[PDB]
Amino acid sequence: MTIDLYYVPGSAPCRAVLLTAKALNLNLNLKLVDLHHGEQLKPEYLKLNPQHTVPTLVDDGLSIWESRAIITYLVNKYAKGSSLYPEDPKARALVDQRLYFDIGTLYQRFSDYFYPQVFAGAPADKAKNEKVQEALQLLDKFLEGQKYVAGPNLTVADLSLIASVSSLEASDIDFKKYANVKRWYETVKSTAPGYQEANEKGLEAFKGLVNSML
């Protein structure tokens, strides 16, 4: 009957799913994983997810762990036809495009820039910084004349992207200097159901982990 979500609150991809669940008003069985002490590396977790990451969604026989597949799965399953993931091909392709931009470009660049500094005491690399700036410039363009990032309505693309973009507040990347990004950030904060609990709470935990490590 019930569906399990293995997660930690600090993790942006996890927050993408928490946001999507709030937007659909779902009741997932949240299962905190002790990443800090390698619970994800034990056989019982590998059974569910051999890539030993979070989040991992477990829906009876189905285990899936890419946040961006989970959020579209939740809509496809529970709210087929929702404006959060519209069925119109052109409209859907734009959402999908933004999701791939998120994983392959924005969050990847941020990850490349930031996590060496946090977990390997690396210095801040100017070139990697610039790659993040360019990702934000692209986002700022996507948002020119647009309320949301993939069409006129809030979509799973906004929720995934905001979970990523918000994580930048733990670093020295001033993303609010991009006017359209700043506008969109505020809009999504005030329109995504349960944002405080689904994203802001976890974001705070992430800032906590970051401070501790730095």
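The first residue of the shown sequence is 1; numbering continues from there.
On average the C-alpha atoms of 109 to 117 have higher B-factors than those of the other stretch, with 109 to 117 and 132 to 140 being the two compared. Looking at 54 to 62 and 158 to 166 together, the entry lists the larger mean B-factor for 54 to 62, computed on C-alpha atoms.
Within the listed group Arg183, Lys47, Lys31, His36, the record reports its top CA B-factor for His36. The PDB entry gives the largest Cα B-factor of the residues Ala93, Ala124, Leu99, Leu74 to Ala124. When the modelled residues of the chain are ordered by C-alpha B-factor, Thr191 sits in the highest third. For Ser67, the recorded CA B-factor ranks within the lowest third of the chain. Only modelled residues enter the ranking. Ranked within its chain, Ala150 lands in the lowest third, by CA B factor from the PDB record.
Per-chain ranking of the deposited C-alpha B factor places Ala16 in the lowest third.
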